[PDB]
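> Generate a structure from the sequence data that follows.
(10 chains, ligands or ions: 2)
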Amino acid sequence: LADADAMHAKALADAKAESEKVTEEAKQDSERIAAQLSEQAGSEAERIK
Amino acid sequence: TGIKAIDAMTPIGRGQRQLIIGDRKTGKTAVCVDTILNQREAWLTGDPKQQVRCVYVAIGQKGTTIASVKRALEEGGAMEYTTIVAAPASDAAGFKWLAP
Amino acid sequence: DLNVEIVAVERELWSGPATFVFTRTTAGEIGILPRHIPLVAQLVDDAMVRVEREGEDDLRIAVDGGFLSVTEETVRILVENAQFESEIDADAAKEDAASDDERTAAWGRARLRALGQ
Amino acid sequence: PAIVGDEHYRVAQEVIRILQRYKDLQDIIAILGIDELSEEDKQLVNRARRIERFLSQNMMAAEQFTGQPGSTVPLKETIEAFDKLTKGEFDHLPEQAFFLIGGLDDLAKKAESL
Amino acid sequence: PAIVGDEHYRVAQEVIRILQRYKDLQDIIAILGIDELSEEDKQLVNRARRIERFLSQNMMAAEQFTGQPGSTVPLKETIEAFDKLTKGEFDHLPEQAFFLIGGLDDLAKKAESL
Amino acid sequence: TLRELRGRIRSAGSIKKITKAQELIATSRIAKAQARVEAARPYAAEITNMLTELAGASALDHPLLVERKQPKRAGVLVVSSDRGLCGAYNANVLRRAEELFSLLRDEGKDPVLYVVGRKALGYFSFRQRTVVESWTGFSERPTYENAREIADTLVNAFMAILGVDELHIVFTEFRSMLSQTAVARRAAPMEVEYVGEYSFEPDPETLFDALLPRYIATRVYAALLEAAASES
Amino acid sequence: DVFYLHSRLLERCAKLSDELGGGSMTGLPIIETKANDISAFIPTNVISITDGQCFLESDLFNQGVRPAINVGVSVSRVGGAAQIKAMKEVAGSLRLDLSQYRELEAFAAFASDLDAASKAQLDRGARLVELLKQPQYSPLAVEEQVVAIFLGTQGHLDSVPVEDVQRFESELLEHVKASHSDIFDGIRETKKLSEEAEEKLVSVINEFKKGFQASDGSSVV
Amino acid sequence: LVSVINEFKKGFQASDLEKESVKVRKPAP
Amino acid sequence: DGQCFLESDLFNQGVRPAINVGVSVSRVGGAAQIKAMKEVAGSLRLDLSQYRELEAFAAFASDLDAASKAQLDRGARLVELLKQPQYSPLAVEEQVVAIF
Amino acid sequence: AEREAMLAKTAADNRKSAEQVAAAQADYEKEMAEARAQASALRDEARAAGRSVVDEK
Ligand SMILES: Nc1ncnc2c1ncn2[C@@H]1O[C@H](COP(=O)(O)OP(=O)(O)OP(=O)(O)O)[C@@H](O)[C@H]1O
Ligand SMILES: [Mg+2]
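Numbering: from 1, shown residues only, chains lettered A, B, ... in the order given. Ligands and ions are numbered 1, 2, ... in the order given. There you are, the coordinates:
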């Protein structure tokens, strides 16, 4: 019972850690996608003028 | 050609004659325009051994359709290496015979 | 020793060896050891069966209107629907034990009497 | 999708998908039977028949054909009607509820009439 | 049999019969697995696999790629080999022993090599 | 005309694909149903064995074992598929059923219909022959619950409400994958067969009475499984 | 001389020996069949003249297969010699898988009774066909095509629902373009998908599959 | 017309073997 | 301005005059009918076309919805109503009553 | 009775320890699912914003 409680606490800590690893991946992604879409916007604006 | 189907299952090699055969409004001109557009990344290389120059012979097509194809190539930047030999339906049979 | 064959009308459920088998036949509770005289007995509506074999834990079976045949070598239990204890949904058994239908109530009582209830 | 929208295009293409599938299932239905089809294909056939009948419309200049007056279905209402149909929102209504009926309100009126 | 020998015709017809059963059973194999077949069918399938693989040959034109010389099996040897192979006299060998093998003695030597 | 022929070719190709898929699925389901028959056999064998023992220790006077004094009515349990595409199957059953009726009519007993399967139900609905009770939805994959319900209804009718003085089961025996024959069996009153050369609790007579309905249920279950295999 | 017309036109297309500069001309003739009758005169002539055919059919187009190329009947006699090594290796299994899928498609109704391998083939094909779909005016560089057919053939799509493959393939390629551009650079520079890069690509696929939310809300891992 | 139709419909005459056995293990009755 | 497509299959089936309801059409339509017959028979042709489509569709359906079965019954009765022996003309009032 | 409650907690304890292993995983997969749904929705919103800025320019 104590081992299972400790494993549950470790699982909650590991869930907090993947929430971190979801923020680290998702913020970096969102930033990169924003970068490529801004580059696409600039390229098409340059092409059009 | 940029089309996963063609490049994976019916590949086209430089020097080949790949017929695109189909009923009306089935994706023929779309496939060819995609192929023409896919060569922009090769054109920007500047190496003649990678650049593919395109000629789009339009035969019996209405003028606005050729204009639409030209706009499709131009928005994708494919017009700087593509030539359109346009023989719209209005032209005599001689032009539609000679355009190819 | 005994080899207990719990066989349902649709399929055979269990055929392992056993040392003792207990069940509530219509004539009362009966326990069978090896070499018991040949016998045929109808199990009660809510009859449960308990099997004792070498090493493994006691096996409790809910039996619906079965028949028990002690033979020279095999004690065969022929069942309409037989359920091991591991397959019992206890809450379903508790709900069904109060069912108006006599047969459904008997089957629920058999499931409980197996469940240890 | 660049011109008419991305919801209009999806609804139209799903309608085309359903109708093409129900034109390939029509022969099986005519010879083998609707029961012999898969559950998904059966439900798709129901949707397809309702979609065919809903694409019909009581046109204004064809009141000499049908007697009843004409109707105009705004584009947005059409694309939502067909989005609902392709998703089974109207799979319970009878087929005749969709026949020669101009829009969702008229669809409800005819369903209540039947 | 009027032009080719009677034994030749018999062997060829038996091979055709086997390789036609095998083709009929290929639907069962590809859909319900080999285990769905009966013991006789599975024998027939295992024999037909080896029959159709033995029809392969280390073609002379392959000498430029594989290096090994091509094989010219006399007609009589082919007839005898396929008479043995349809009767099951070589069905205990692995299928790999028959691929691209030029004759009967060559088949032994690809068998003893396996 | 060529357009019509192309459309017909497309139709026939689609139907060929569908029927080929159905053939393979039916092969798999033949395997499944035959495996179920094999699984159900040992219980039938053992219950038959203990029934023989009880009979060897019984008076053999249960109503299921004695012929009514004047049989005026007889039950017929027609086992039939609930979905089509089985070819002559249903007909082969139904024809045999009517053959049995021609016998029952010739013997002065009016048959009373109990039908298992939708197809036989429609068959009789068109010939306006009244079915007292019909069960459906388990000819493709029957379970002992359905067999027990059928057997209980039939046995209650036999004991009786107008009731019947006899009952037969018409079903398609599967002898081999090539052969599937509709047969009619009288399942009550059972005939005692003396084949020639144990304890009981509390008595063999009560066990016999409790077991004969169970034996009839088991035989109806075996018949339904046999019919399912034959249908596949 | 209509056949002579079209042949004289199309036989200009060729790849010249290095003695003539090594240039090339690739033809993509487009011919409009009527009622999909490829046996008509001009279609027969061009099919005979040309080294390969792409049969675009309206039935496939309506079914959602775009660009509607009827695999199986469409052939390119040049074959693998016209593909880079990576594409050849990845797509070798593609044709067999699609042929088996088209054989098995009648069984998608009663797959409960199928063999494990047969059901696996059916599911693989149902996702490969989605993988070959492509929006208009959205050509894919050769490296991205290699990665897509690698997703399909190696089975990394077997866990994604069929409804989401198209999105997955996209959101993955974009991801690989943004954060792991090394794979594409290797493929385009070496023309082969080496083990050193294949392991990294699989690692990226598994890393991304955790972040993907299928359309039904399920999780793909 | 509806009333006439209904009253007319009031008067309109519409033209509308083997045997199961128990094996007993003794030689004779 | 229209067409009354007589079909041999319908003629043999006992549908006389044998008008294929679906293919047949009258573009003058209600404008060529007295108001009574326009009101009673406004949707009759389309209703019968739909009935024929349903009958072809429901040829081998094991069970049918209530609406579908009611439609089939109504259509069969209408078809029997539209049968007519040769040289047996009906005045327009009799026709409106019949279709009513 | 002491023996009684021992027997009690004991059994309940083994079963609820198995249930707690199950609960820890379930909690993991629910929190991971929520986080990855947030990530996917954030990426989708970023792509929508990118499509908007492309439209603006
Ligand atoms: N891959 C595709 N995905 C989605 N829509 C497509 C695709 N390819 C083509 N379409 C659409 O299909 C329709 C027909 O395409 P396209 O212009 O290529 O026609 P076509 O087959 O060359 O016929 P034609 O020139 O005779 O009209 C257009 O709406 C085009 O947008
Ligand atoms: Mg075009």
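> so who does the residue sitting nearest the centre point of chain G touch?
A centroid search over chain G (C-alpha atoms, centre = their mean) returns residue G:132, at 4.8 Å, as the residue closest to the centre. Residues in contact with residue G:132, defined by C-beta atoms under 8 Å, 6 or more residues apart in numbering or on different chains, are B:4-5, B:8-9, G:65, G:69, G:71. No exception for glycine: its C-beta is placed from N, CA and C like everyone else's.
> next one: residue G:105
G:122, G:125.
> picking that back up, what two of the contacts of residue G:132 have the greatest distance between them?
B:8 and G:65 (14.1 Å; C-beta to C-beta).
> what about residue 19, neighbour count?
In the absence of a named chain, chain A is used. Residue A:19: 17 surrounding residues under other C-beta atoms under 10 Å in any protein chain shown.
> my bad, chain D
Neighbours of residue D:19 (other C-beta under 10 Å): 18.
> tell me the SS of it?
Following DSSP: H, G, I helix; E, B strand; the rest coil, residue D:19 is assigned to helix.
> Can you verify my assumption that it contacts residue D:52?
Yes - the criterion here is C-beta atoms under 8 Å, and residue D:19 meets it with residue D:52 at 6.8 Å.
> measure residue H:25 to chain B for me?
73 Å (C-beta to the nearest C-beta, to the nearest Å).
> Grab the nearest non-local neighbour of that residue.
Distances taken as C-beta to C-beta, 6 or more residues apart in numbering or on different chains place residue F:56 nearest to residue H:25, at 4.5 Å, with adjacent residues excluded.
> ok now do the one you found, which residues does it touch?
F:198, H:24-26.
> Quick one: those as JSON lines, columns for distance to residue G:189 too.
Below are the contacts of residue F:56 laid out as JSON lines (distance: C-beta to C-beta, whole Å):
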{"residue": "F:198", "distance to residue G:189": "88"}
{"residue": "H:24", "distance to residue G:189": "90"}
{"residue": "H:25", "distance to residue G:189": "89"}
{"residue": "H:26", "distance to residue G:189": "94"}
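> all helices of the chain, in order?
Since you didn't name a chain, this refers to chain A. Counting by DSSP state H, one finds helices in chain A at the ranges A:2-48.
> that's the wrong chain, I wanted chain F
F:2-56, F:89-106, F:118-126, F:144-159, F:204-231.
> is the last one anywhere near chain C?
The reference is to helix F:204-231. Yes - for helix F:204-231, a contact with chain C is found by C-beta under 8 Å from any C-beta of the partner chain, at F:204, F:206-207, F:210-211, F:214, F:217-218, F:221.
> and what of the fourth one?
Yes - legend: contact between helix F:144-159 and chain C by C-beta under 8 Å from any C-beta is shown at F:144, F:148.
> Centroid-nearest residue for chain A?
residue A:26 (1.5 Å).
> residues in contact with that one?
G:211, J:38-39, J:42-43.
> at 7 Å instead, please
Residues in contact with residue A:26 (C-beta atoms under 7 Å, 6 or more residues apart in numbering or on different chains) are J:39, J:42-43.
> now do residue F:163
Residues in contact with residue F:163, defined by C-beta under 7 Å, 6+ apart, are residue F:157.
> For residue G:168, see how far away residue G:131 is.
9 Å (C-beta to C-beta, to the nearest Å).
> And the helices in chain J, which stretches?
J:2-56.
> Pick out the residue in it sitting closest to chain G.
residue J:40 (3.8 Å; C-beta to the nearest C-beta).
> same check, this time on chain F
Going by C-beta to the nearest C-beta, chain G is nearest to residue F:21 of chain F, at 4.0 Å.
> Give me the spatial nearest neighbour of that residue, chain neighbours excluded.
That would be residue G:106: by C-beta to C-beta, 6+ apart, it lies 4.0 Å from residue F:21.
> Does the one you found touch residue F:15 like I think?
No - the criterion here is C-beta atoms under 7 Å, and residue G:106 misses it with residue F:15 at 10.6 Å.
> The two - which one has more neighbours?
More crowded of residue G:106 and residue F:15, by other C-beta under 10 Å: residue G:106, with 18 against 15.
> how close does that one sit to residue E:42?
According to C-beta to C-beta, residue G:106 and residue E:42 sit 25 Å apart.
> Once you drop chain neighbours, what's closest to residue F:11?
Distances taken as C-beta to C-beta, 6+ apart place residue D:27 nearest to residue F:11, at 3.7 Å, with adjacent residues excluded.
> so which strand or helix has residue D:79?
helix D:75-86 (DSSP states H and E).
> Can you name every helix or strand that that helix contacts?
Using 3 or more C-beta pairs under 7 Å, 6 or more residues apart in numbering or on different chains; DSSP states H and E, the elements in contact with helix D:75-86 are helix D:6-24, helix D:39-55.
> Put together CSV for those, with distance to residue H:11 on each row.
Output for those, formatted as CSV (distance: least, C-beta to C-beta, whole Å):
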stretch, distance to residue H:11
helix D:6-24, 48
helix D:39-55, 40
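> Now the ones you listed in JSON lines, please, with extra columns for distance to chain H.
Putting those into JSON lines (distance: least, C-beta to the nearest C-beta, whole Å) gives the following:
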{"stretch": "helix D:6-24", "distance to chain H": "38"}
{"stretch": "helix D:39-55", "distance to chain H": "30"}
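> of all those helices, which lies closest to chain E?
Comparing those by C-beta to the nearest C-beta, helix D:39-55 comes nearest, at 19.7 Å.
> what does that closest one rub up against?
Applying C-beta under 7 Å, 6+ apart, the contact partners of helix D:39-55 are D:15, D:18-19, D:21-22, D:25, D:29, D:34, D:37, D:81-82, D:85-86, D:88, D:90-91, D:95, D:98-99.
> What separation do you get for whichever residue of chain A sits closest to ligand 2 and residue B:56?
Among the residues of chain A, residue A:47 lies closest to ligand 2, at 25.1 Å counting by C-beta to the ion. Residue A:47 sits 20 Å away from residue B:56, going by C-beta to C-beta.
> Give me the more crowded residue out of those two.
Using other C-beta under 10 Å as the criterion, residue A:47 and residue B:56 rank with residue B:56 on top: 20 against 11.
> what's the more buried one in contact with, if anything?
B:36, B:69, B:82, B:84.
> Same check on residue B:44?
Residue B:44 touches nothing, counting by C-beta under 7 Å, 6+ apart.
> neighbours of residue 29, just the number please.
Going with chain A. Residue A:29: 23 neighbours (other C-beta under 10 Å).
> ah, no, chain H please
7.
> Tell me what the closest residue to it other than its chain neighbours is bridged to.
Leaving aside its sequence neighbours, residue H:29 sits nearest to residue F:194 (C-beta to C-beta, 6+ apart; 6.9 Å). Using DSSP bridges, the bridge partners assigned to residue F:194 are residue H:24.
> Surely residue F:194 is in contact with residue H:27?
Yes - counting by C-beta under 7 Å, residue F:194 does reach residue H:27; the two are 6.2 Å apart.
> Between those two, tell me which one has more neighbours.
Set residue F:194 next to residue H:27 and count neighbours by other C-beta under 10 Å: residue F:194 wins out with 14 against 9.
> Since that was my last question, I'll sign off now.
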